[PDB]
Amino acid sequence: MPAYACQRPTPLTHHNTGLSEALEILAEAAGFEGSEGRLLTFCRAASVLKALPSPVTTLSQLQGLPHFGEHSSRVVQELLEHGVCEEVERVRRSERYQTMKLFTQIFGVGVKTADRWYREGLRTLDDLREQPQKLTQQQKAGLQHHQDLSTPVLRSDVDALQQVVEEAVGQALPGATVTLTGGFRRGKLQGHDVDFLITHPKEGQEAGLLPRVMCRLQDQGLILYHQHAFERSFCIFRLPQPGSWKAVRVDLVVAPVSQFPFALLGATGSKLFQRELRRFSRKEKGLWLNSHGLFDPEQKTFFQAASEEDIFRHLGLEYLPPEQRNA
DNA sequence: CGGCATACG
DNA sequence: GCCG
Ligand SMILES: O=c1ccn([C@@H]2O[C@H](COP(=O)(O)OP(=O)(O)OP(=O)(O)O)[C@@H](O)[C@H]2O)c(=O)[nH]1
Ligand SMILES: [Cl-]
Ligand SMILES: [Mg+2]
Ligand SMILES: [Mg+2]
Ligand SMILES: [Mg+2]
Ligand code: NA
């Protein structure tokens, strides 16, 4: 089992779901307390289990697996022996964890804002609604729409949305294309949002595109919230429903076609997969990877890529299709 | 021990 | 919390 998640296939569904879920609770809790290192280790240990070909049934099966030391092994040992890990259950019921989860789940609220509100004594969404002078417009939108944004987006919802984005993109710039990215591209059946990547086959034609797209969607009454030159938008869309509608988070990204493979790779995730791939690139290959390109800092050159396959080849990694990037 | 992904809004 |  290789040490980096980008070196092994990780499918969406697997054989150690309960064990990985428990480790991910500890990872999430570590993040809420500011310990990015502990978050990463628990995430990485969880992802190792997702990559295994069969269920872990005995503690000896952890021997030799990367990212399993005393603490993560103890968690698995307790789950195997008693079906529950006391540390995990203590986190689950804790007021700190439940409130930090509630607050950070809001669009526009991160760990630092959540933590400050927690220390001020706030605990519930109505606590926040009862003090709106403390909220940004973005947080106000996140809170107004919180109930709809807490409802999973379905694959049926994605198709209807891609059509309306394509319509607006077509008027804004004929020939521009719309690609579904994020978790739905990895095969998820549900999501917290819908992620799209937009480009045009003629380098440079994509400049200035996203304002033209957003104004056109806004004119059609489909935009419940957006931030407004720019190339990423984080929006809330009005999506039709039987006899009504619901609010859905939609992310739009524009990239020049020269950068499209890097932007596609970077937007397809998973989040852990991309962190691990970028860590691998820098630490093992000495190359700097981001959503725009791959930089050789010794030669001071960028690697031209025509496909995601090119990027995996230039990093010396076996190609993984999106469905196997569910780290 | 140091390191832990990345840049735009 | 774990790796090198
Ligand atoms: O912290 C982050 C968040 C996101 N991303 C990159 O942005 C993509 C979209 O980020 P999303 O937050 O939309 O996640 P997701 O689509 O993978 O899953 P859902 O929760 O939406 O169902 C991710 O897949 C990843 O590529 C990062 O690189 N880092
Ligand atoms: Cl590989
Ligand atoms: Mg998404
Ligand atoms: Mg998104
Ligand atoms: Mg230390
Ligand atoms: Na948030």
Side-chain angles (χ1 to χ4, degrees), chain A residues 1-7 22-49 62 64-69 71-76 85 87-88 91 107-110 113 136 138-139 141-142 181-182 195 197-198 206-211 213-214 223 225-226 228-236 249-256 259 262-270 272-295 297 302 311 315 325 327:
Chain A
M1 169 80 55
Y4 293 84
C6 54
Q7 293 176 294
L23 292 164
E24 288 183 341
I25 295 285
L26 300 180
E28 187 177 15
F32 294 158
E33 303 315 306
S35 181
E36 197 69 2
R38 296 174 84 248
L39 176 151
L40 282 169
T41 283
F42 284 129
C43 285
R44 292 165 182 165
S47 80
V48 164
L49 299 185
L62 302 181
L65 293 178
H67 308 291
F68 277 89
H71 196 151
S72 302
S73 294
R74 185 194 313 122
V75 173
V76 167
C85 168
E87 179 186 12
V88 171
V91 172
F107 175 66
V109 180
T113 302
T136 65
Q138 181 182 55
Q139 291 162 355
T181 66
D195 306 292
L197 175 62
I198 298 164
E206 82 297 333
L209 180 53
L210 198 45
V213 171
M214 294 309 302
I223 302 298
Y225 168 87
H226 74 119
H228 315 271
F230 56 103
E231 63 206 45
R232 303 180 184 166
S233 66
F234 319 112
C235 325
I236 304 177
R249 280 270 297 106
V250 177
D251 290 331
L252 305 180
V253 177
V254 175
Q259 297 178 7
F262 298 98
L264 179 61
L265 180 62
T268 294
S270 70
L272 180 64
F273 186 94
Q274 289 307 306
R275 296 173 74 153
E276 292 279 288
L277 184 66
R278 291 163 180 193
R279 190 171 65 99
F280 176 89
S281 180
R282 176 182 291 268
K283 303 301 180 179
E284 303 302 329
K285 304 298 175 175
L287 302 179
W288 301 348
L289 177 67
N290 65 22
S291 297
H292 305 317
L294 182 59
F295 186 66
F302 288 94
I311 302 172
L315 296 171
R325 303 180 201 162

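Any value given below was found using the heavy atoms of this structure, including those in side chains, with hydrogens, waters and symmetry copies removed. Proteins get letters first, then strands, A, B, ... in listed order; numbering begins at 1 in each.
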Student: Please state whether the rings of A:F295 and A:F302 are parallel, tilted or perpendicular, taking 30° and 60° as the class boundaries.
Tutor: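 A:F295 and A:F302: tilted rings.
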Student: Check nucleotides 1-3 of chain B against the protein and report each pair of N or O atoms closer than 3.5 Å, with its distance, or say if there are none.
Tutor:
from	atom 1	to	atom 2	distance (Å)
B:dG3	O3'	A:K283	NZ	3.2

Student: Report the distance from atom CG of A:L65 to atom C1' of C:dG1, rounded to the nearest whole Å.
Tutor: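 Distance, rounded to whole Å: 16 Å.
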Student: Let me spell it out: for each of A:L40 and A:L210, pick the nucleotide of DNA chain B with the closest heavy atom. Which residue's pick is nearer the 5' end?
Tutor: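 Closer to the 5' end of DNA chain B: A:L40.
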Student: Does A:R38 use its side chain to pair, donor to acceptor, with the backbone of A:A27 at less than 3.5 Å?
Tutor: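 Not confirmed, A:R38 side chain does not pair with A:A27 backbone.
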Student: Nearest to the A:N290 side chain among B:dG9, B:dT6, C:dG1, which nucleotide is it?
Tutor: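 Closest nucleotide among those given: B:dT6.
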Student: Please report the distance, rounded to the nearest Å, between CZ in A:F280 and P in C:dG4.
Tutor: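 After rounding, the gap between these two atoms is 13 Å.
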Student: Check the pair A:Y225 / A:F107 against ring pair (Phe, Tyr, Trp, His ring centres under 6.0 Å), numbers first and verdict last.
Tutor: CA-CA 11 Å; A:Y225 168 87; A:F107 175 66; 5.8 Å; yes
Student: Between A:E36 and A:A3, just flag the one whose closest nucleotide in DNA chain C comes earlier from the 5' side.
Tutor: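 Its nearest nucleotide being more 5', the pick is A:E36.
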Student: Over 60° means perpendicular and under 30° means parallel, so tell me whether A:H228 and A:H226 are parallel, tilted or perpendicular.
Tutor: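 Ring orientation, 0 to 90° scale: tilted.
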Student: Output yes when a side-chain donor or acceptor of A:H67 lies under 3.5 Å from a complementary backbone atom of A:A3, and no otherwise.
Tutor: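 Checked: pair present.
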Student: CG of A:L23 versus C1' of C:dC2: gap in Å, rounded?
Tutor: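 One finds 13 Å between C1' of C:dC2 and CG of A:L23, rounded.
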Student: For the side chain of A:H71, starting at C-beta, report the closest nucleotide among B:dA5, C:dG1, B:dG9.
Tutor: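 The answer is C:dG1, which lies nearest to the side chain.
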Student: What is the nucleic acid contact for A:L289, judged by heavy atoms within less than 4.0 Å: base, sugar-phosphate only, or nothing?
Tutor: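 The answer is sugar-phosphate, as A:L289 gets under 4.0 Å only of primed atoms, P, OP1 or OP2.
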Student: Choose from B:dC8, B:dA5, C:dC2 the nucleotide whose nearest atom is closest to any side-chain atom of A:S72.
Tutor: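 Comparing B:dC8, B:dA5, C:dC2 against the side chain of A:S72, the answer is C:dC2.
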Student: With no hydrogens and no angle check, is any side-chain donor or acceptor of A:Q139 less than 3.5 Å from a backbone partner on A:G108?
Tutor: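 A pair under 3.5 Å: yes.
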Student: Tell me which nucleotide among B:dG9, B:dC8, B:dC4 gets nearest to the side chain of A:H292.
Tutor: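 Closest nucleotide among those given: B:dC8.
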Student: Rounded to whole Å, please give me the gap between CD in A:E284 and P in C:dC3.
Tutor: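 One finds 14 Å between P of C:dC3 and CD of A:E284, rounded.
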Student: Roughly how many Å is it from CZ in A:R232 to P in B:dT6, rounded to a whole number?
Tutor: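 Answer to the nearest Å: 14 Å.
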Student: What's the CG-P distance between A:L197 and B:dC8, to the nearest Å?
Tutor: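 Whole-Å distance recorded here is 15 Å.
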Student: Expressed in whole Å, how much space separates the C1' atoms belonging to C:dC2 and B:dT6?
Tutor: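 Approximately 22 Å lies between the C1' atom of C:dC2 and that of B:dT6.
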Student: Return the nearest nucleotide to the side chain of A:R279; candidates are B:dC4, C:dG1, C:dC3.
Tutor: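 Minimum distance to the A:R279 side chain belongs to B:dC4.
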Student: Between A:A229 and A:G37, name the one whose nearest nucleotide on DNA chain B is closer to the 5' end.
Tutor: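 In this pair, the answer is A:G37.
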Student: Between P on C:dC2 and CE on A:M1, what's the gap in Å once rounded to a whole number?
Tutor: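 It is 16 Å, rounded to the nearest whole Å.
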Student: Side chains of A:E276 and A:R44: does their closest heavy-atom pair fall under 4.5 Å?
Tutor: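 They are in side-chain contact.
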Student: Which listed nucleotide (B:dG9, C:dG4, B:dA5) is nearest to the side chain of A:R278?
Tutor: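 Nearest nucleotide to the side chain: B:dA5.
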Student: B:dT6 P sits how many Å from A:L294 CG, rounded?
Tutor: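 Result: 11 Å.
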Student: Please identify each residue that fulfils side chain to side chain contact (heavy atoms under 4.5 Å, CB included) with A:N290, with sequence neighbours left out.
Tutor: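 Partners of A:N290 by the side chain to side chain contact (heavy atoms under 4.5 Å, CB included) criterion, ordered by chain and then number, come out as A:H292.
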Student: Considering just the side-chain nitrogens and oxygens of A:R275, establish if one lies under 4.0 Å of OP1 or OP2 belonging to B:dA5.
Tutor: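 It does, given that an N or O in the side chain of A:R275 lies less than 4.0 Å from OP1 or OP2 of B:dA5.
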